[PDB]
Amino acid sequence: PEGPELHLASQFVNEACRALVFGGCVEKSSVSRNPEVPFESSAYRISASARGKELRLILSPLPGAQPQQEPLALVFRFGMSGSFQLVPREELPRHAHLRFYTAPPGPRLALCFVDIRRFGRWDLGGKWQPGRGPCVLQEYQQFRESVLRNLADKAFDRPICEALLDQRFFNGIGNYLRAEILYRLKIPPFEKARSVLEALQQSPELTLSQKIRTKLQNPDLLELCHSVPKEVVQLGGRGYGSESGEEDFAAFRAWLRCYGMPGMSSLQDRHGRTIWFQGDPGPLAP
């Protein structure tokens, strides 16, 4: 999954859970190879945030809850089939591998991490993955600066379509977004990454008037690494976790200009991931 989905999933969790009280233990399926979550509280609130391709839950005991329990953070990576679902307690999905149950009063519900393929992962603690860079959606200025300061890194000797998947520098960008972003600027996917980005490197250097004149109609690649996934977010509304998936995917399908589209070219990169593009593949093409 890519950054827009993580963000939209966090939004869903937070808003669905804002007034719910959970209670008891956190239950893992026997089959899941992820870690048991040691946690017990009579009354706790669940909140979420996202950063790139990760989602962080925070489990926060409420006043007077027993036994004593510190807040506990958990960071998820969904994999191909992971999701969060809020379901009636008697309707637990088959492949609900981690579950949180509401306490009374009110209907008996379960927040579930669901994942048929079992490629999703969680770890104990709030820590984001070591080395994953700033989120392209939520941390744009730090993301941009981390790329520009580090352009001498060997990551930028690679073709731009491969560098766009390096999560140290483009946390949140995956295979559909790299296609869409490079297509907007018609940058060949196998141009050398540093050659594409060099001209951006060394705010209130240029004034707003000067940026309106020269930059507004000419967004750069790092700008688009933020704005293109923001389009998907806006498009997603509050559909995550609801019954609107058929309408939502039809809208997504219509939004794509390049990925998987008729007439576009495709090649395999060094990791066997398919890059979609129009026109010249660039000099470093296989």
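Start at 1 with the first residue shown and count on from there.
Next on the checklist: Going by the PDB record, how many residues of the deposited sequence fall between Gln202 and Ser203 without any coordinates: none, 1 to 3, 4 to 9, or 10 or more?
Outcome noted: Unresolved stretch here: 1 to 3 residues.
Checklist entry - Averaged over C-alpha atoms, is the B-factor higher for 203-211 or for 132-140 in this PDB entry? => result According to the entry, 203-211 carries the higher average C-alpha B-factor.
Checklist entry - If you average the CA temperature factors over each stretch, which comes out higher, 183-191 or 110-118? => result It is 183-191 that shows the higher mean C-alpha B-factor.
Checklist entry - At the C-alpha atoms, which of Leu177, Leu98, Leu124, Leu86 reaches the highest B-factor in this entry? => result The C-alpha B-factor peaks, among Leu177, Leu98, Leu124, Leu86, at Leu124.
Item to check | Out of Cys25, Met264, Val21, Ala9, highest CA B-factor residue | outcome: Top of the list by C-alpha B-factor: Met264.
Next on the checklist: By the recorded C-alpha temperature factor, relative to the other modelled residues in its chain, which third is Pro159 in?
Outcome noted: As the PDB entry reports it, the C-alpha B-factor of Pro159 lands in the middle third of its chain.
Checklist entry - Among the modelled residues of its chain, does the C-alpha B-factor of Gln234 lie in the lowest, middle or highest third? => result Highest third - that is where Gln234 ends up once the chain's C-alpha B-factors are sorted.
Next on the checklist: Using only modelled residues of the chain, where does the Cα B factor of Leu148 rank: lowest third, middle third or highest third?
Outcome noted: Tercile = middle for this residue's CA B-factor.
Item to check | Third of chain Cα B-factors occupied by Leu222 | outcome: CA B-factor rank for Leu222: middle third.
Checklist entry - Lowest, middle or highest third of the chain for the C-alpha temperature factor of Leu74? => result Its C-alpha B-factor belongs to the middle third of this chain's values.
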